[PDB]
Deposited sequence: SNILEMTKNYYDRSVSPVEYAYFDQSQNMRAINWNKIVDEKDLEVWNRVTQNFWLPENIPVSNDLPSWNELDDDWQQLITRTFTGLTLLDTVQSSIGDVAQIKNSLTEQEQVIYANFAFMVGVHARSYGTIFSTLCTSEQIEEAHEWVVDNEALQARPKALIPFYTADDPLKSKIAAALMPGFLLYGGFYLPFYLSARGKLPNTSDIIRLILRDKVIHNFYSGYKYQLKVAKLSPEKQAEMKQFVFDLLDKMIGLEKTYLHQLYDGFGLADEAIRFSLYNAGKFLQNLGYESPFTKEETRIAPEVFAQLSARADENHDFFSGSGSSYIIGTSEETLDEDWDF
């Protein structure tokens, strides 16, 4: 079998030049889950120009300078995390792939997280002044609590432990942005920036699959390790999540200072921390009480929270 006596180009490039290279085979697929994920993320392609954000201008103009600044700062903070994941995190995953299709899926992830970062620019172009935009960039660069979070993850991407790299790649879409995503849903629950909330929902439709996929590939690798090494990796996941929850809480108390949103934003964060653990195959230790947010805000995430011709009847 050609496959068992050849390597993918990215394996050849970085790990093993002792074998000839095989072209990707989309006709004989090792893992059908890869085709599942590829079809959905490519079929779910979108650009922020698709959304008429200009229709948010009325509700935006009703917000005072403090709330407009909060939104610009929050979204510039999320832009940073998407820039990290697009330019470093997702592309770093390609060479650590279990399958050929996984390599191409992570190239799609890197591109689409790039579109996420770009979408905030589209909102700012419509709603914000040049002064509001520049101020938010200055604030992000100078906010040490904000900077601490990506500074904690980037080393795993550039280091040579692929499992730790994978956990970091899952934690970014799985947890780290949800404290920020709280704000648009809080506002759209009050009928403010409804079109902005449509962009956030398109972003989440991608990030949910990104977290799932990274968590799925993490589980396949760790399953092959000894019970001792599996316990070692579980220990590392909880230790890292503890650190990241600590850094996120510190940041959110600074971001939402004087607005009174930090507490609910942190509960929404911990809800998603619970789902991150589940996507890695670990039980969530968080209480339904610890993770509860107001129903009117949760309804903005999912109203459901409250056909194929193969059907024969």
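Annotation: deposited residues 1-8, 315-335 are not represented by C-alpha coordinates in the model.
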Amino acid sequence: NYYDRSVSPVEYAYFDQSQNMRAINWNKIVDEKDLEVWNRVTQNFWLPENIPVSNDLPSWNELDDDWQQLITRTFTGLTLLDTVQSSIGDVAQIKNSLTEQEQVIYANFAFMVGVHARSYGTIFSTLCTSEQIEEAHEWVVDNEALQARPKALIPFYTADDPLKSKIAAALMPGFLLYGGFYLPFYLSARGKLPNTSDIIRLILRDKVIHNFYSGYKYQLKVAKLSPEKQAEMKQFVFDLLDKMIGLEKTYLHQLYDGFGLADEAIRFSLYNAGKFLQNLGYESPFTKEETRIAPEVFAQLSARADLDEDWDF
From here on, numbers count along this sequence of modelled residues.
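By rigid core we mean the largest C-alpha set that fits within 1.5 Å across both forms.
Looking at 282-290 and 24-32, the one farther from the shown form in 8 other deposited structures of this protein by average CA distance, after a rigid core fit, turns out to be 282-290. Looking at the other PDB entries for this protein, residue 307 is absent from the model in a third or more of those that include the residues around it. Once the C-alpha B-factors are averaged per stretch, 57-65 and 245-253 rank with 57-65 first. With 116-124 and 231-239 compared on mean CA B-factor from the PDB entry, the stretch scoring higher is 231-239. You'll see in the entry that, of 134, 100, 82, 206, the Cα B factor peaks at 134.
Comparing the listed residues 13, 301, 21, 24, the entry records the largest Cα B-factor for 301.
In the PDB entry, residue 220 places in the middle third of its chain by CA B-factor. Sort the modelled residues of the chain by CA B factor and residue 40 lands in the lowest third.
Among all modelled residues in its chain, residue 151 ranks in the middle third by Cα B-factor. Annotation for residue 286: C-alpha temperature factor in the highest third relative to the rest of the modelled chain, per the entry.
In the deposited entry, the Cα temperature factor of residue 192 places it in the highest third of its chain's modelled residues.
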